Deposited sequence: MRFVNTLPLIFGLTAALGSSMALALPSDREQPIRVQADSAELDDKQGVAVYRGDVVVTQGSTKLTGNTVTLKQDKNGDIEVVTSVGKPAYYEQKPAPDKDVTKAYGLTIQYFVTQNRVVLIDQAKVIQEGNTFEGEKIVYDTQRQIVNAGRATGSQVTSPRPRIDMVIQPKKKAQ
């Protein structure tokens, strides 16, 4: 809901901003927060669009955290590469893609996450050439 009208704060060791290109890169224990949303990583790049469009994080692994309802349903997300398409409300996890929602653990080569519809897709990384091949996904629902 309100994870987008709030300001984006970034904390790192270093940053470089190309206001001409509209691209910013942050390095060193990078933490970007937007309300309840959180992205971490070794290296984070923000790309700017006409009026605001994607936050790409890379780590071992990169981490996404978010809260959909005000209740205690915090969703964790892990991936070698994570892209947060903020205009699209889409978070794509590549290469060891994991998602922990309420005891339910999700694993795959590639996981796409709609933060609005709260829809989680899991499958293979078509044309991303993963370092950890995983042609089959795993799912666990904890009782």
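Asker: Map the modelled residues onto the deposited sequence and report the uncovered stretches in sequence order.
Answerer: Residues lacking C-alpha coordinates: 1 to 25, 78 to 79, 171 to 175.
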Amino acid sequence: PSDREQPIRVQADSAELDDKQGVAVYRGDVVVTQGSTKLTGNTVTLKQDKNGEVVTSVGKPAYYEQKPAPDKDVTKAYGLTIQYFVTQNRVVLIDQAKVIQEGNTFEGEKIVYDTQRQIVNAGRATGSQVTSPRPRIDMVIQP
From here on, numbers count along this sequence of modelled residues.
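Asker: Return whichever of 42 to 50 and 75 to 83 has the greater mean Cα B factor according to the PDB record.
Answerer: Averaging CA B-factors over each stretch, the winner is 42 to 50.
Asker: If you take the mean CA temperature factor per stretch, which one wins between 122 to 130 and 8 to 16?
Answerer: Comparing 8 to 16 with 122 to 130, the higher average CA B-factor belongs to 122 to 130.
Asker: Please pick out which of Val55, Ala69, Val99, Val31 has the largest Cα B-factor as recorded in the entry.
Answerer: Each of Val55, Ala69, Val99, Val31 was compared by C-alpha B-factor; the highest is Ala69.
Asker: Please say which third, lowest, middle or highest, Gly103 falls into when its CA temperature factor is compared across its chain.
Answerer: Tercile = highest for this residue's CA B-factor.
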